[PDB]
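Scroll down for the structure; my scribbles are underneath it.
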Amino acid sequence: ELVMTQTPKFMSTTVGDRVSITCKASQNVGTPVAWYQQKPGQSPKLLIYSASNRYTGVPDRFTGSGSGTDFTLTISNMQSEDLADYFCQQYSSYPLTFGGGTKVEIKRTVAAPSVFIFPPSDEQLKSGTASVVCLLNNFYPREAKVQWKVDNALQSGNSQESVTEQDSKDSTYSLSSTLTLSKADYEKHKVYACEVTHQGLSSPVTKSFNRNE
Amino acid sequence: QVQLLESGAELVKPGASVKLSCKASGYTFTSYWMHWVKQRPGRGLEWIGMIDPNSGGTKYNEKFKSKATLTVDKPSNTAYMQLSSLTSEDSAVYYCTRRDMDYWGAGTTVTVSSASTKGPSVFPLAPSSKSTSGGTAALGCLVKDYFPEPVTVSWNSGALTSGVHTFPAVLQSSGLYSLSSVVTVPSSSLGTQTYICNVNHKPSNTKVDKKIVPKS
Ligand SMILES: CCC1=C(C)c2cc3c(CC)c(C)c(cc4nc(cc5[nH]c(cc1n2)c(C)c5CCC(=O)O)C(CCC(=O)O)=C4C)n3C
Ligand SMILES: [Ca+2]
Ligand SMILES: [Mg+2]
Ligand code: NA
Ligand code: NA
Ligand code: NA
């Protein structure tokens, strides 16, 4: 099938530093190789074709190299605008093949999250359930621990988390922790707290509220 | 300006088929080969095969020869990809791309399931509820219990883009999706500025607008 093996799968790099992505062809392909860039939510963009031909509009920051079965994409100067995924392709023989891709992220200094808590809305409660949302805004690195506490009881198995892709303007991440409880359980309890432990915090900060009203 | 328009997300029942469309504008249609690519989460990209919008000639990726069927229609410059006997394996985001792949469609998310469609319920995430902190305030909308993906969110009809965070959706245990979209703004804008999240779920033809006022 003329498999294109791409490596590494993941790479993290500081703005100002360089990055190299490589694709090994199972067979000889010659020069018909290309590369694409894809950020979250958008479609792939043509970056390079002919192994080293740089599509119009694409900065010299990107450079394609190699020939035969060894090809490489290089970002001579990693910048905020390069935060995305990268795919290599081969079009010397049918069927056309793609590389496994590379999630290219940015490495930066540690940053502590700003924490907010959101009590369920009056509207939702009459539906028969409650949602309690805790938010960890703009922090780094991705790794984070969030625990819930109601009337001081450490909840478990009743919360789900979601994490944003790395932000281009900040190079930071964000996270939301949603606690789901019944209108019942929720009206018989009062103190809802969100505890956040993270590298940028000298000790875990906690956000909470009372079931006011 | 080349633009490849692809149909809205599709929810398809197992064993049925679906016909995805890709209408070309901004260039001579019968002038370029059109491809189709399949993309699954944390998965590589896959070329399905291409078709000649002029000759009718078609070539396929040997692995998709049995499930995919490519065609076109000059009168409408629209290309079509039909998939048959769909299974959860065909669930993915499909794209159509020009011959050299310098132009891509936005993509059509296809989900294969026996579960029925369901529009999202949208709840407000009250600004600095009661206790108004200092500097900047956060607020948003909880969009939950909808099926299948995707769902689009915008603030004040696209007028607000600064400080907006729309979290990736997570499948709840109920088999229903859920997510929150938040935005951070100056606490002095509250009350005076009206924040409205516009949620869309094309699969259920659902369109919601929700005002977010400072918790009371
Ligand atoms: C996805 C892979 C791919 C990439 C990347 C690619 C790159 C590319 C670009 C973009 C910068 C341009 C302007 C041309 C430039 C060209 N590309 C092609 C022709 C092709 N180019 C093809 C594939 C292909 N071409 C295929 C497949 C054909 C075959 C079309 C056929 O069946 O005759 C031609 C010849 C066709 C013509 O202009 O009449 C030029 C010129 N190609 C080589
Ligand atoms: Ca930069
Ligand atoms: Mg969320
Ligand atoms: Na971009
Ligand atoms: Na075309
Ligand atoms: Na609307």
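Chain lettering (A, B, ...) mirrors the order of the structure tokens, residue numbering begins at 1 for each chain separately, and ligand numbering begins at 1 in order of display.
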
Could you list, with a cut-off of 12 Å and counting only C-alpha atoms and all ligand atoms, the residues of chain A near ligand 2, each shown with its nearest atom pair and the distance in Å rounded to one decimal, rows sorted by chain and ascending number, as JSON lines?
{"residue": "A:14", "atom": "CA", "partner": "ligand 2", "partner_atom_place_in_ligand_line": "1 (Ca)", "distance": 10.0}
{"residue": "A:15", "atom": "CA", "partner": "ligand 2", "partner_atom_place_in_ligand_line": "1 (Ca)", "distance": 6.3}
{"residue": "A:16", "atom": "CA", "partner": "ligand 2", "partner_atom_place_in_ligand_line": "1 (Ca)", "distance": 7.8}
{"residue": "A:17", "atom": "CA", "partner": "ligand 2", "partner_atom_place_in_ligand_line": "1 (Ca)", "distance": 10.8}
{"residue": "A:61", "atom": "CA", "partner": "ligand 2", "partner_atom_place_in_ligand_line": "1 (Ca)", "distance": 11.4}
{"residue": "A:77", "atom": "CA", "partner": "ligand 2", "partner_atom_place_in_ligand_line": "1 (Ca)", "distance": 8.9}
{"residue": "A:78", "atom": "CA", "partner": "ligand 2", "partner_atom_place_in_ligand_line": "1 (Ca)", "distance": 7.3}
{"residue": "A:79", "atom": "CA", "partner": "ligand 2", "partner_atom_place_in_ligand_line": "1 (Ca)", "distance": 3.8}
{"residue": "A:80", "atom": "CA", "partner": "ligand 2", "partner_atom_place_in_ligand_line": "1 (Ca)", "distance": 4.2}
{"residue": "A:81", "atom": "CA", "partner": "ligand 2", "partner_atom_place_in_ligand_line": "1 (Ca)", "distance": 6.3}
{"residue": "A:82", "atom": "CA", "partner": "ligand 2", "partner_atom_place_in_ligand_line": "1 (Ca)", "distance": 8.3}
{"residue": "A:83", "atom": "CA", "partner": "ligand 2", "partner_atom_place_in_ligand_line": "1 (Ca)", "distance": 9.9}
{"residue": "A:106", "atom": "CA", "partner": "ligand 2", "partner_atom_place_in_ligand_line": "1 (Ca)", "distance": 10.5}
{"residue": "A:168", "atom": "CA", "partner": "ligand 2", "partner_atom_place_in_ligand_line": "1 (Ca)", "distance": 8.8}
{"residue": "A:169", "atom": "CA", "partner": "ligand 2", "partner_atom_place_in_ligand_line": "1 (Ca)", "distance": 8.7}
{"residue": "A:170", "atom": "CA", "partner": "ligand 2", "partner_atom_place_in_ligand_line": "1 (Ca)", "distance": 10.2}
{"residue": "A:171", "atom": "CA", "partner": "ligand 2", "partner_atom_place_in_ligand_line": "1 (Ca)", "distance": 10.0}

Could I get the residue neighbourhood of ligand 3 at 9 Å, counting only C-alpha atoms and all ligand atoms, as an MDAnalysis selection string? (chainID A and resid 133 135 160:163 175:178) or (chainID B and resid 142:143 166:170 178:181)

Residue selection dump (N, CA, C and O atoms) as a PDB file, in the first residue's frame:
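Dumped to again_14.pdb:
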ATOM      1  N   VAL A 133     -21.023  23.375  37.763  1.00  0.00           N
ATOM      2  CA  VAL A 133     -19.826  23.509  36.937  1.00  0.00           C
ATOM      3  C   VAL A 133     -18.682  24.318  37.532  1.00  0.00           C
ATOM      4  O   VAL A 133     -18.876  25.456  37.967  1.00  0.00           O
ATOM      5  N   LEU A 135     -14.821  25.843  36.754  1.00  0.00           N
ATOM      6  CA  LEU A 135     -13.959  26.212  35.634  1.00  0.00           C
ATOM      7  C   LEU A 135     -12.506  26.591  35.964  1.00  0.00           C
ATOM      8  O   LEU A 135     -12.244  27.451  36.816  1.00  0.00           O
ATOM      9  N   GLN A 160     -17.615  14.852  35.438  1.00  0.00           N
ATOM     10  CA  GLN A 160     -16.922  14.652  34.170  1.00  0.00           C
ATOM     11  C   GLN A 160     -16.095  15.889  33.804  1.00  0.00           C
ATOM     12  O   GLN A 160     -16.468  17.015  34.145  1.00  0.00           O
ATOM     13  N   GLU A 161     -14.974  15.684  33.115  1.00  0.00           N
ATOM     14  CA  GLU A 161     -14.122  16.807  32.734  1.00  0.00           C
ATOM     15  C   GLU A 161     -13.870  16.911  31.234  1.00  0.00           C
ATOM     16  O   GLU A 161     -13.841  15.908  30.512  1.00  0.00           O
ATOM     17  N   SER A 162     -13.665  18.145  30.787  1.00  0.00           N
ATOM     18  CA  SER A 162     -13.363  18.441  29.395  1.00  0.00           C
ATOM     19  C   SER A 162     -12.251  19.483  29.360  1.00  0.00           C
ATOM     20  O   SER A 162     -12.276  20.446  30.126  1.00  0.00           O
ATOM     21  N   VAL A 163     -11.281  19.286  28.467  1.00  0.00           N
ATOM     22  CA  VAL A 163     -10.142  20.192  28.335  1.00  0.00           C
ATOM     23  C   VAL A 163      -9.976  20.738  26.916  1.00  0.00           C
ATOM     24  O   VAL A 163      -9.922  19.988  25.944  1.00  0.00           O
ATOM     25  N   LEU A 175     -10.132  24.088  31.539  1.00  0.00           N
ATOM     26  CA  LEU A 175     -10.840  22.874  31.890  1.00  0.00           C
ATOM     27  C   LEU A 175     -12.133  23.159  32.644  1.00  0.00           C
ATOM     28  O   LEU A 175     -12.268  24.179  33.340  1.00  0.00           O
ATOM     29  N   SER A 176     -13.094  22.260  32.477  1.00  0.00           N
ATOM     30  CA  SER A 176     -14.374  22.389  33.140  1.00  0.00           C
ATOM     31  C   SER A 176     -14.671  21.070  33.819  1.00  0.00           C
ATOM     32  O   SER A 176     -14.425  19.993  33.261  1.00  0.00           O
ATOM     33  N   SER A 177     -15.190  21.156  35.032  1.00  0.00           N
ATOM     34  CA  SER A 177     -15.546  19.964  35.778  1.00  0.00           C
ATOM     35  C   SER A 177     -17.025  20.115  36.077  1.00  0.00           C
ATOM     36  O   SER A 177     -17.437  21.093  36.713  1.00  0.00           O
ATOM     37  N   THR A 178     -17.822  19.167  35.597  1.00  0.00           N
ATOM     38  CA  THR A 178     -19.252  19.233  35.817  1.00  0.00           C
ATOM     39  C   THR A 178     -19.743  18.116  36.721  1.00  0.00           C
ATOM     40  O   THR A 178     -19.540  16.933  36.454  1.00  0.00           O
TER      41      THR A 178
ATOM     42  N   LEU B 142     -24.468  26.026  29.408  1.00  0.00           N
ATOM     43  CA  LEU B 142     -24.305  24.597  29.509  1.00  0.00           C
ATOM     44  C   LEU B 142     -25.239  24.047  28.435  1.00  0.00           C
ATOM     45  O   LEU B 142     -26.450  24.273  28.483  1.00  0.00           O
ATOM     46  N   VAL B 143     -24.673  23.358  27.454  1.00  0.00           N
ATOM     47  CA  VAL B 143     -25.448  22.762  26.371  1.00  0.00           C
ATOM     48  C   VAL B 143     -25.433  21.264  26.603  1.00  0.00           C
ATOM     49  O   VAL B 143     -24.391  20.626  26.430  1.00  0.00           O
ATOM     50  N   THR B 166     -15.141  27.337  24.037  1.00  0.00           N
ATOM     51  CA  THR B 166     -16.164  26.321  23.808  1.00  0.00           C
ATOM     52  C   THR B 166     -15.507  24.944  23.934  1.00  0.00           C
ATOM     53  O   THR B 166     -14.823  24.476  23.027  1.00  0.00           O
ATOM     54  N   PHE B 167     -15.715  24.322  25.090  1.00  0.00           N
ATOM     55  CA  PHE B 167     -15.160  23.018  25.407  1.00  0.00           C
ATOM     56  C   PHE B 167     -15.613  21.894  24.489  1.00  0.00           C
ATOM     57  O   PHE B 167     -16.736  21.909  23.959  1.00  0.00           O
ATOM     58  N   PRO B 168     -14.727  20.905  24.269  1.00  0.00           N
ATOM     59  CA  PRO B 168     -15.018  19.743  23.421  1.00  0.00           C
ATOM     60  C   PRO B 168     -16.159  19.011  24.102  1.00  0.00           C
ATOM     61  O   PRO B 168     -16.265  19.035  25.328  1.00  0.00           O
ATOM     62  N   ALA B 169     -17.012  18.363  23.322  1.00  0.00           N
ATOM     63  CA  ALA B 169     -18.152  17.656  23.890  1.00  0.00           C
ATOM     64  C   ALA B 169     -17.759  16.320  24.504  1.00  0.00           C
ATOM     65  O   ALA B 169     -16.835  15.660  24.025  1.00  0.00           O
ATOM     66  N   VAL B 170     -18.451  15.930  25.573  1.00  0.00           N
ATOM     67  CA  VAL B 170     -18.184  14.648  26.225  1.00  0.00           C
ATOM     68  C   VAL B 170     -19.464  13.802  26.289  1.00  0.00           C
ATOM     69  O   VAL B 170     -20.544  14.297  26.626  1.00  0.00           O
ATOM     70  N   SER B 178     -22.790  16.466  25.960  1.00  0.00           N
ATOM     71  CA  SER B 178     -22.893  17.677  26.758  1.00  0.00           C
ATOM     72  C   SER B 178     -21.594  18.474  26.741  1.00  0.00           C
ATOM     73  O   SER B 178     -20.497  17.907  26.634  1.00  0.00           O
ATOM     74  N   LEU B 179     -21.726  19.794  26.848  1.00  0.00           N
ATOM     75  CA  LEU B 179     -20.569  20.680  26.850  1.00  0.00           C
ATOM     76  C   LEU B 179     -20.950  22.092  27.299  1.00  0.00           C
ATOM     77  O   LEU B 179     -22.124  22.467  27.304  1.00  0.00           O
ATOM     78  N   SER B 180     -19.942  22.868  27.680  1.00  0.00           N
ATOM     79  CA  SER B 180     -20.161  24.242  28.100  1.00  0.00           C
ATOM     80  C   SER B 180     -19.341  25.185  27.262  1.00  0.00           C
ATOM     81  O   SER B 180     -18.258  24.838  26.795  1.00  0.00           O
ATOM     82  N   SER B 181     -19.885  26.378  27.053  1.00  0.00           N
ATOM     83  CA  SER B 181     -19.202  27.417  26.301  1.00  0.00           C
ATOM     84  C   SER B 181     -19.150  28.583  27.269  1.00  0.00           C
ATOM     85  O   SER B 181     -20.179  29.028  27.764  1.00  0.00           O
TER      86      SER B 181
END

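Atom CA of residue A:204 is found 21.5 Å from atom CA of residue B:135.
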
For chain B against chain A, with a cut-off of 7 Å and counting only C-alpha atoms, what is the closest atom pair and its distance in Å to one decimal for every residue that makes the cut, ordered by chain and number, as CSV?
residue,atom,partner,partner_atom,distance
B:44,CA,A:100,CA,4.8
B:45,CA,A:98,CA,6.0
B:46,CA,A:98,CA,6.7
B:47,CA,A:96,CA,6.1
B:61,CA,A:95,CA,5.2
B:101,CA,A:46,CA,6.5
B:102,CA,A:46,CA,5.3
B:104,CA,A:43,CA,6.5
B:106,CA,A:43,CA,6.2
B:123,CA,A:121,CA,6.5
B:124,CA,A:121,CA,6.5
B:125,CA,A:118,CA,6.0
B:126,CA,A:118,CA,6.8
B:167,CA,A:164,CA,5.5
B:168,CA,A:162,CA,6.3
B:170,CA,A:162,CA,6.9

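Nearest to ligand 5 of all the residues B:158, B:119, B:26, B:163 is B:26, counting only C-alpha atoms and all ligand atoms.
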